[PDB]
């Protein structure tokens, strides 16, 4: 037996982040870690489309008791489990406290009929060419959004990169990510080129500063790449 639709979770911008691909053999399991910048809401979706509005909502729950922190600071592990019965269990765990809520989604009337499923598979077959470009546009935007807050959260933690950098460079880097964040706020509908170049620009700012500190040791800074849940 195989799962009929790709299972996923909603990420920032109404984006469908896939976890369990369609035609995956049951029983299976898959985890992925996310950053959060607001209410820790986990919206479980079902479909093959890049946006969740065009997919089928299966469930929603919030992870409660996470201490207030700036955007992207808290790290959340999300685990999708399908058993051999088609029962879907979604777990969300705060990586920093062990705080853990789990939702169980059973085969009910909200389960799609094979007619409905065929329609959904066919839909993504038709808009495939347009879904690819749209998906590869939001990816680059997210890769930008990830890098900046990952950097901003690093230079704000004294127990991390923020404890190794001088005040001047720390101020320089903080003002730089602010430029890009404020840019991303007024350019959510930008091209793949603009999102690529914007990330490249931050990297060209981080590099000379990390090189001052760890160039001799051939060390470079990496972005978490983990997606924002928001």
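Positions refer to the first chain, counted from 1.
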item	value
108-116 set against 91-99, stretch whose average Cα temperature factor tops the other in the entry	108-116
Stretch with the greater mean C-alpha B-factor as recorded in the entry, comparing 145-153 against 131-139	131-139
Out of 187, 43, 200, 53, highest CA B-factor residue	187
Third of the chain, ranked by Cα B-factor, where residue 222 sits	middle
Ranked against its chain, the third holding the CA B-factor of residue 32	lowest
Among modelled residues of the same chain, the CA temperature factor third for residue 209	lowest
Third of chain Cα B-factors occupied by residue 48	lowest
Residue 17 - which third its CA temperature factor falls in, relative to the rest of the chain	lowest
